[PDB]
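Overview (structure and organization)
Each chain, written out:
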Amino acid sequence: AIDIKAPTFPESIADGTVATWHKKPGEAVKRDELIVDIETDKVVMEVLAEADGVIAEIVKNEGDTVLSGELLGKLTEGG
């Protein structure tokens, strides 16, 4: 189980914006496989999976705004 939420934004920035949900919640994932990108004031990050398993569900959509500690989704066990 691995909770996936936005990173803590610094002072210059006070929020962020999802990038693009390549895949969706409810499909098979594979360790070392991107899952969701993140967008910042001027920095683009990436969210890869830290282990195979099955996604749970995404609360934020693409092109949406996220806050510091915003739960974007949760990963399920795998095995």
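Residues numbered from 1 in each chain as written, not as in the entry; some residues may be left out. Heavy atoms only, no water.

This entry lists solution NMR as its structure determination method.

As recorded in the PDB, the entry bears the title "SOLUTION STRUCTURE OF THE LIPOYL DOMAIN OF THE 2-OXOGLUTARATE DEHYDROGENASE COMPLEX FROM AZOTOBACTER VINELAND II, NMR, MINIMIZED AVERAGE STRUCTURE".

**Quick notes on empty space enclosed by the protein**
Any empty space left between the atoms is revealed when a probe the size of a water molecule rolls over them. Stated precisely, the cut-off is as follows: A cavity, in this analysis, means grid points on a 1 Å lattice covering only the protein atoms where a 1.4 Å probe fits yet has no way out; a pocket is instead an open set bounded by protein on both sides within 12 Å along at least five of seven lines, and a residue lines either one if it has an atom within 4 Å of a point. Grid points are joined across faces, edges and corners, and a volume is the space filled by probe spheres set on the points. Nonpolar residues are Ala, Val, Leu, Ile, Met, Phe, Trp, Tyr, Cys and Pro. Charged residues are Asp, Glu, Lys and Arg, and all others, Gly as well, are polar. Under the scheme used here, helices are H or I runs from DSSP no shorter than 4 residues and strands are E runs no shorter than 2 residues, and both carry numbers assigned from the N terminus.
Throughout the structure, instances matching the rule amount to two cavities of 30 Å³ or more. Lining the largest cavity are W21, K23, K24, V29, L34, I35 and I55. Across the lining of the largest cavity, the residue classes tally to five nonpolar, no polar and two charged. Approximately 40 Å³ is the volume found for the second largest cavity. The wall of the second largest cavity is formed by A6, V18, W21, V36, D37, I38, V66 and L72. The element best represented in the lining of the second largest cavity is strand β4 (residues 34–39), accounting for three residues.

**Some words on the nonpolar core**
Our working rule: Only buried residues count toward a nonpolar core, which is a set of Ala, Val, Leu, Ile, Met, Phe, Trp, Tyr and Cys residues joined through side-chain atoms within 4.5 Å. Think of it in three bands: residues with accessible area under 20% of the maximum for their type are buried, residues over 50% are exposed, and the middle band is partly exposed, with areas taken using a 1.4 Å probe on protein chains only. Every residue pair with non-hydrogen atoms within 4.5 Å of one another is taken to be in contact.
Core analysis: the biggest nonpolar cluster contains 17 residues, and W21, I35, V36, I55 and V66 have the highest contact counts within it. For this core, the element with the most residues is β4, which contributes three residues. Setting aside residues up to four positions removed in sequence, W21 forms contacts with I35, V36, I58, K60, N61, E62 and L72.

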